[PDB]
J.: 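Following this message is one structure expressed as structure tokens.
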Amino acid sequence: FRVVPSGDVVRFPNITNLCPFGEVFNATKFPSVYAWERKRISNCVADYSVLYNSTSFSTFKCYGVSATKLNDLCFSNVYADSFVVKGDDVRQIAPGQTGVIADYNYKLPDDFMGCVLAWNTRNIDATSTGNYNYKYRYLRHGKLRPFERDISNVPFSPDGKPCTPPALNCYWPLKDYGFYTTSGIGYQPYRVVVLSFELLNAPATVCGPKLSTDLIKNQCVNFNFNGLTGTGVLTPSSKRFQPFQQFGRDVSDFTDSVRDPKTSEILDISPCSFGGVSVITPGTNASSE
Amino acid sequence: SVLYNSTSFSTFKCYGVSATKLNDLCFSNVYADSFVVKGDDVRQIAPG
Amino acid sequence: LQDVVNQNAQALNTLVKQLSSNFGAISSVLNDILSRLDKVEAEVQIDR
Amino acid sequence: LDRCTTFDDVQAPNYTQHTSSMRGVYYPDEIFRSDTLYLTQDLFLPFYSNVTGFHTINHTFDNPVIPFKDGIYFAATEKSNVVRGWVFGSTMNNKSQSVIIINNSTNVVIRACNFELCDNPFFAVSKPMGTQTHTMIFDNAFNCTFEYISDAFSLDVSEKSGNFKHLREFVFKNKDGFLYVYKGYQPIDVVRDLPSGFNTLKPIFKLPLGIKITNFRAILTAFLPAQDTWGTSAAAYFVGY
Ligand SMILES: *[C@@H]1O[C@H](CO[C@@H]2O[C@@H](C)[C@@H](O)[C@@H](O)[C@@H]2O)[C@@H](O[C@@H]2O[C@H](CO)[C@@H](O[C@@H]3O[C@H](CO[C@H]4O[C@H](CO)[C@@H](O)[C@H](O)[C@@H]4O)[C@@H](O)[C@H](O)[C@@H]3O)[C@H](O)[C@H]2NC(C)=O)[C@H](O)[C@H]1NC(C)=O
Ligand SMILES: *[C@@H]1O[C@H](CO[C@@H]2O[C@@H](C)[C@@H](O)[C@@H](O)[C@@H]2O)[C@@H](O[C@@H]2O[C@H](CO)[C@@H](O[C@@H]3O[C@H](CO[C@H]4O[C@H](CO)[C@@H](O)[C@H](O)[C@@H]4O)[C@@H](O)[C@H](O)[C@@H]3O)[C@H](O)[C@H]2NC(C)=O)[C@H](O)[C@H]1NC(C)=O
Ligand SMILES: *[C@@H]1O[C@H](CO[C@@H]2O[C@@H](C)[C@@H](O)[C@@H](O)[C@@H]2O)[C@@H](O[C@@H]2O[C@H](CO)[C@@H](O[C@@H]3O[C@H](CO)[C@@H](O)[C@H](O)[C@@H]3O)[C@H](O)[C@H]2NC(C)=O)[C@H](O)[C@H]1NC(C)=O
Ligand SMILES: *[C@@H]1O[C@H](CO[C@@H]2O[C@@H](C)[C@@H](O)[C@@H](O)[C@@H]2O)[C@@H](O[C@@H]2O[C@H](CO)[C@@H](O[C@@H]3O[C@H](CO)[C@@H](O)[C@H](O)[C@@H]3O)[C@H](O)[C@H]2NC(C)=O)[C@H](O)[C@H]1NC(C)=O
Ligand SMILES: *[C@@H]1O[C@H](CO)[C@@H](O[C@@H]2O[C@H](CO)[C@@H](O[C@@H]3O[C@H](CO)[C@@H](O)[C@H](O)[C@@H]3O)[C@H](O)[C@H]2NC(C)=O)[C@H](O)[C@H]1NC(C)=O
Ligand SMILES: *[C@@H]1O[C@H](CO)[C@@H](O[C@@H]2O[C@H](CO)[C@@H](O[C@@H]3O[C@H](CO)[C@@H](O)[C@H](O)[C@@H]3O)[C@H](O)[C@H]2NC(C)=O)[C@H](O)[C@H]1NC(C)=O
Ligand SMILES: *[C@@H]1O[C@H](CO[C@@H]2O[C@@H](C)[C@@H](O)[C@@H](O)[C@@H]2O)[C@@H](O[C@@H]2O[C@H](CO)[C@@H](O)[C@H](O)[C@H]2NC(C)=O)[C@H](O)[C@H]1NC(C)=O
Ligand SMILES: *[C@@H]1O[C@H](CO[C@@H]2O[C@@H](C)[C@@H](O)[C@@H](O)[C@@H]2O)[C@@H](O[C@@H]2O[C@H](CO)[C@@H](O)[C@H](O)[C@H]2NC(C)=O)[C@H](O)[C@H]1NC(C)=O
Ligand SMILES: *[C@@H]1O[C@H](CO)[C@@H](O[C@@H]2O[C@H](CO)[C@@H](O)[C@H](O)[C@H]2NC(C)=O)[C@H](O)[C@H]1NC(C)=O
Ligand SMILES: *[C@@H]1O[C@H](CO)[C@@H](O[C@@H]2O[C@H](CO)[C@@H](O)[C@H](O)[C@H]2NC(C)=O)[C@H](O)[C@H]1NC(C)=O
Ligand SMILES: CCCCC/C=C\C/C=C\CCCCCCCC(=O)O
Ligand SMILES: *[C@@H]1O[C@H](CO)[C@@H](O)[C@H](O)[C@H]1NC(C)=O
């Protein structure tokens, strides 16, 4: 027996502030890649269309989610990583890459979930005489693990023993970018922001722009809870979730329980179709009843 | 890695092997082909 | 007779429990896949 | 003192051997489940594993540098709040970044910096007055990248007599630039051992430090009767891999 939904329910958390797009993408100063910086994002609305009037990105790529779904989701643990690299090095900020940047400065995990954005900043980061304030590491003993930082400055020796700079076979491990106004595109400065998050597994405080509706219970409806969409019937539940739990699953891995993001009440979710049906006929050429 | 101090590549793509495994392997019959093209033609050096 | 009854019940319950297998997809939950991915990308996982 | 200090005469530590017993289980994810069995592979403490025990009593003050390997289970049996926190790092000096996680009797403080760590970090408590006097964890700090301070509270620092009453259990993991911390608590009335039993731990911290962790050290409390004299009180803690 088949039942079709007759309602729509959208429940998102109470959020009023816009996400700090200006403070992140329009900051006055950016760090060096070897000392990349991490910031936490929470309790804001991710309405990125506001950037359409002021910003333009040469690189934008997402992993683990489709770019056309971003407006309908909520994001759990949102971090933004900022740094500056060379034009030729932007290709190295991606899973499964090799090179100096990917090996010794900044690495992404194999199962990365998030987005990478990069844009050219020759006007503000390059000078006619040359800007040398940005640096990167080019000598190290072993490669970096994902999302690992190394800001030490110790003389490097291939033998891997303590050293003194002026001595032979002794090198300072950091090197300077040289950014000139007349450089080719491959040697121009680029600002890079990497956003990382998790989806549909835990509480979230960062959500896209969507109108939240009222709760309909004891009825077959379409529902969207913090970006998880489905069809079913919602009923009050006797389960008791922990503060760090948002969803509940049964033995078949079907999401069967959910906490309401606005009232915090637990609700059970049940399918709409249920029941066996049989048809008895005397034969079509005898009758159509 | 000795190239990290002097060279910079705008295009680098590998087929049949992962870039992160290169340091662990040995290679059987190694040939290098060199030539010069236009900037717009670099995209044409790829299978298919 | 008890063995017959138990065998039938176990077969049905195993069928129900096998719904949590990934089968090489990113997830075994249809709603999660249809909430994260667009039609083209979701089709591959759903086919698996 | 206001600078790093080393206790004059301290007995060398001979680490004791014990076994865990179905200890160190934690919630693997954030999904709710009930009345079921769930099979999962993860970094766990195998049942009946060998664990190493360190003690503070008389002139014994055990706080060496212990390797981290792939994460640890850390248990503390105490009655007067002797163990106060940990320092995690790689070189344990100012040549690399380290993270300090402490409870200083008023707040919980987590700080990642280039610390000039003292080889003998401790809190100071006066036996007669029974109040916290000095903090001597580090001499200098710079290039700080992460900081967190909790809400204020009050902690009973005074010494106590009797049997160990509190067992506090922690699990520490390091993955993809995150330090995972799980916590659990249990009342006890043991004399001297690691109690046997079962108790699940809950997630309390996922710190985005992005540092390399290979060594760690415990931060203890010294009950000095007066200046130039140091006292230890009684407490124990155990480590497993
Ligand atoms: C999207 O952004 C545009 C452009 O914003 C401006 O330019 C960018 C680069 C930044 O510097 C911003 O700070 C600037 O505001 C916005 O349009 C502008 O809006 C402002 C504020 O209302 C307008 O400024 C007023 O415009 C009137 C006079 O305009 C006349 O003269 C100007 C030359 O000065 C000429 O460009 C314009 O066509 C008119 O002929 C008047 O009320 C007052 O004096 C003041 O100057 C400004 O004119 C707008 N510019 C344009 C090109 O329309 C949008 O508001 C913004 N959109 C959203 C949705 O936020
Ligand atoms: C990686 O490559 C760098 C740079 O190599 C130099 O530049 C490139 C473009 C080529 O032209 C190379 O041939 C050049 O050597 C190497 O660092 C350089 O090493 C050389 C050799 O030891 C250094 O030359 C010596 O440096 C001393 C004086 O330096 C002082 O003055 C210079 C003025 O330019 C200044 O840059 C520097 O900071 C000092 O103030 C002295 O012993 C002697 O006279 C001689 O000049 C040179 O200084 C180094 N350059 C830099 C920028 O550090 C690395 O050795 C190489 N690494 C590895 C691992 O091979
Ligand atoms: C980092 O910290 C060290 C001190 O740390 C100690 O030594 C390390 C090598 C490790 O073994 C650590 O575990 C250990 O705690 C600082 O070393 C400092 O060096 C300077 C000289 O470069 C010393 O200056 C001298 O200090 C005394 C002052 O009375 C006199 O000998 C001299 O007059 C002179 O001033 C300084 O004492 C020394 N500090 C010590 C030994 O504690 C190092 O400077 C520091 N680095 C940074 C960047 O802060
Ligand atoms: C437990 O630790 C807290 C937190 O203090 C932090 O950790 C300490 C170990 C030191 O490194 C502190 O610098 C660090 O902030 C202590 O409470 C905090 O104490 C600090 C001073 O140490 C207070 O900051 C000062 O406050 C006023 C201005 O507001 C001025 O005196 C100074 O300019 C300075 O800013 C701080 O407000 C206070 N609380 C918080 C929430 O930061 C606490 O005292 C300590 N307890 C014990 C028993 O040691
Ligand atoms: C980690 O800490 C170290 C040590 O404090 C920092 O290095 C120090 O950085 C300062 C600021 O750039 C340097 O001072 C500057 O040096 C030159 C002149 O010598 C010039 O740029 C400025 O006028 C200013 O004086 C300082 O020399 C340097 N110290 C050492 C020993 O190298 C380092 O920046 C910190 N790292 C991070 C990632 O924050
Ligand atoms: C429980 O017992 C096991 C052995 O049954 C202990 O593991 C052993 O720990 C020692 C000391 O760390 C290891 O030796 C050291 O290992 C590395 C090189 O592998 C390095 O630090 C030193 O050079 C030294 O060789 C030893 O390999 C290791 N054995 C095994 C089989 O893992 C374990 O530490 C004990 N548990 C506790 C909590 O002490
Ligand atoms: C999230 O917000 C809801 C709705 O708040 C009300 O409506 C908003 C549009 C705005 O006008 C608010 O000021 C209103 O209060 C909260 O639901 C209310 O909760 C209060 C708690 O005292 C209760 O008295 C009201 O009856 C609730 N309103 C409705 C319509 O049910 C909800 O508490 C907020 N959740 C969190 C976690 O803050
Ligand atoms: C690539 O070679 C050029 C020059 O070509 C020859 O090879 C050099 C290694 C060196 O022997 C040159 O004299 C040869 O002509 C190098 O560029 C020049 O290198 C010389 C070295 O003596 C130096 O004096 C010049 O200043 C360099 N000129 C420029 C414009 O950089 C270049 O360094 C070689 N690249 C590498 C990675 O070794
Ligand atoms: C980023 O912030 C800077 C600094 O506020 C903005 O630069 C201003 O640009 C306007 C014209 O658009 C000038 O009149 C101002 O003098 C500039 N500076 C300040 C301090 O007002 C810049 O527009 C911002 N970028 C975006 C995309 O919003
Ligand atoms: C720690 O110090 C205590 C005393 O404070 C020691 O206990 C005494 O030990 C001696 C020597 O064996 C006995 O003769 C006494 O009877 C003990 N006194 C008490 C009150 O028990 C203890 O041995 C020291 N060592 C340890 C490991 O605790
Ligand atoms: C002269 C050619 C030598 C033959 C090479 C042999 C086998 C193939 C394996 C590795 C080649 C690596 C190519 C250079 C990578 C530079 C990476 C970067 O700078 O981003
Ligand atoms: C070392 O072992 C002895 C017994 O062999 C024990 O009495 C002593 O307490 C141990 N060390 C310390 C520091 O307690």
Side-chain angles (χ1 to χ4, degrees), chain D residues 1-2 4-7 10-18 51-56 58-66 74-88 92 100-109 115-126 128 130-138 140 153-160 162-170 185-188 190-191 193-195 215-226 229-239:
Chain D
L1 215 32
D2 282 21
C4 306
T5 90
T6 61
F7 296 154
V10 47
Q11 202 154 5
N14 47 15
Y15 320 142
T16 46
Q17 303 301 317
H18 315 269
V51 311
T52 305
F54 316 75
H55 321 267
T56 57
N58 285 351
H59 271 330
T60 311
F61 207 72
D62 289 355
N63 59 359
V65 169
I66 302 158
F74 186 97
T77 51
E78 48 179 356
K79 67 196 163 173
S80 52
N81 297 334
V82 176
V83 183
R84 292 293 197 79
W86 315 262
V87 53
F88 299 92
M92 320 304 289
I100 306 283
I101 302 161
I102 53 166
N103 172 15
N104 77 344
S105 72
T106 313
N107 323 72
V108 171
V109 183
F115 291 106
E116 190 176 8
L117 299 166
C118 308
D119 286 356
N120 189 16
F122 61 84
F123 291 83
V125 177
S126 56
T131 297
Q132 178 149 288
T133 311
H134 302 303
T135 65
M136 213 39 256
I137 296 155
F138 61 88
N140 195 58
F153 55 72
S154 179
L155 191 81
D156 185 8
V157 158
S158 65
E159 197 167 316
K160 300 280 184 289
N163 277 13
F164 294 144
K165 293 284 129 66
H166 310 288
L167 175 76
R168 300 194 177 100
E169 315 165 272
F170 294 86
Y185 164 68
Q186 215 176 39
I188 51 157
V190 86
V191 156
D193 218 334
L194 177 58
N215 297 290
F216 79 95
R217 192 204 293 273
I219 313 302
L220 307 166
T221 311
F223 290 76
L224 40 73
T229 36
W230 57 278
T232 57
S233 197
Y237 69 85
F238 317 82
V239 173

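Just so you know, these numbers use all the heavy atoms, side chains as well, and skip hydrogens, waters and symmetry mates. Residue numbering restarts at 1 for every chain, and letters A, B, ... go by the order of the sequence lines.
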J.: Find the distance between OG (D:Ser233) and NZ (D:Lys160) and round it off to the nearest 0.5 Å.
T.: 10.0 Å
J.: Say you draw a straight line from CG of D:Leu194 to OG1 of D:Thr52; how long is it, rounded to the nearest 0.5 Å?
T.: 11.5 Å
J.: Can you check side chain to side chain contact (heavy atoms under 4.5 Å, CB included) on D:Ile102 and D:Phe123, steps first, answer last?
T.: CA-CA 10 Å; D:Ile102 53 166; D:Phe123 291 83; 4.1 Å; yes
J.: Quick check: do D:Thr232 and D:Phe7 have side-chain heavy atoms less than 4.5 Å from each other?
T.: no
J.: Is any side-chain heavy atom of D:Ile219 less than 4.5 Å from a side-chain heavy atom of D:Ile137?
T.: yes
J.: Mark yes or no for whether D:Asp193, through its side chain, and D:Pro195, through its backbone, hold a donor-acceptor pair below 3.5 Å.
T.: no
J.: Could you tell me which residues satisfy ring pair (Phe, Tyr, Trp, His ring centres under 6.0 Å) with D:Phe170, sequence neighbours excluded, listed by chain and number?
T.: D:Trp86
J.: Quick one: pull up OG in D:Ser80 and CZ in D:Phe223 and give me the separation to the nearest 0.5 Å.
T.: 4.5 Å
J.: Search all heavy atoms of D:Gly162 against all heavy atoms of D:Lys79 and return the closest pair with its distance.
T.: O-NZ, 2.8 Å
J.: Indicate the atoms forming the closest heavy-atom contact of D:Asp62 with D:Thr56, along with that distance.
T.: N-CG2, 4.2 Å
J.: Is D:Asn81 reaching over with its side chain to a backbone N or O of D:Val157, donor-acceptor style, under 3.5 angstrom?
T.: no
J.: Enter the distance from D:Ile100:CD1 to D:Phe88:CZ here, rounded to the nearest 0.5 Å.
T.: 9.5 Å
J.: Could you measure the distance from the OH atom of D:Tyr15 to the CD1 atom of D:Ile66? Nearest 0.5 Å is fine.
T.: 7.5 Å
J.: Can you measure from OG1 (D:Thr16) to NE2 (D:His55) and round to the nearest 0.5 angstrom?
T.: 3.0 Å
J.: Is any side-chain heavy atom of D:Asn120 closer than 4.5 Å to one of D:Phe61?
T.: yes
J.: For the residue pair D:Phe115 and D:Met92, establish whether any side-chain heavy-atom pair is separated by less than 4.5 Å.
T.: no
J.: One pair to check against side chain to side chain contact (heavy atoms under 4.5 Å, CB included): D:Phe153 and D:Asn103. What are the steps and the verdict?
T.: CA-CA 10 Å; D:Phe153 55 72; D:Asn103 172 15; 3.0 Å; yes
J.: Any side-chain heavy atom of D:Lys165 sitting closer than 4.5 Å to one from D:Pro187?
T.: no
J.: Can you list the steps and then say if D:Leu155 with D:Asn104 is a side chain to side chain contact (heavy atoms under 4.5 Å, CB included)?
T.: CA-CA 9 Å; D:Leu155 191 81; D:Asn104 77 344; over 6 Å; no
J.: What heavy-atom pair brings D:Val82 and D:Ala234 nearest, and what distance separates the two atoms?
T.: CG2-O, 4.0 Å
J.: Identify the two heavy atoms, one from D:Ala218 and one from D:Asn63, that lie closest to each other, and give their separation to 0.1 Å.
T.: O-CB, 4.1 Å
J.: For a quick test of reading the model, state the closest non-hydrogen atom pair linking D:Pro225 to D:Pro128 and the distance between them.
T.: O-CD, 3.6 Å
J.: Using a distance-only test with no angle check, is there a side-chain donor-acceptor pair under 3.5 angstrom linking D:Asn58 and D:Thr60?
T.: no
J.: Quick check: closest heavy atoms across D:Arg217 and D:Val65, and the distance to 0.1 Å?
T.: NH2-CG2, 3.3 Å
J.: Please identify each residue that fulfils ring pair (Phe, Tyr, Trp, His ring centres under 6.0 Å) with D:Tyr237, with sequence neighbours left out.
T.: D:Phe54, D:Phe74
J.: Donor-acceptor pair, D:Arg84 side chain versus D:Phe122 backbone, under 3.5 Å?
T.: no
J.: How far apart are the C-alpha atoms of D:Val83 and D:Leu220, what are their side-chain angles, what is the distance that settles it, and do they pass the side chain to side chain contact (heavy atoms under 4.5 Å, CB included) test?
T.: CA-CA 5 Å; D:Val83 183; D:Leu220 307 166; 3.9 Å; yes
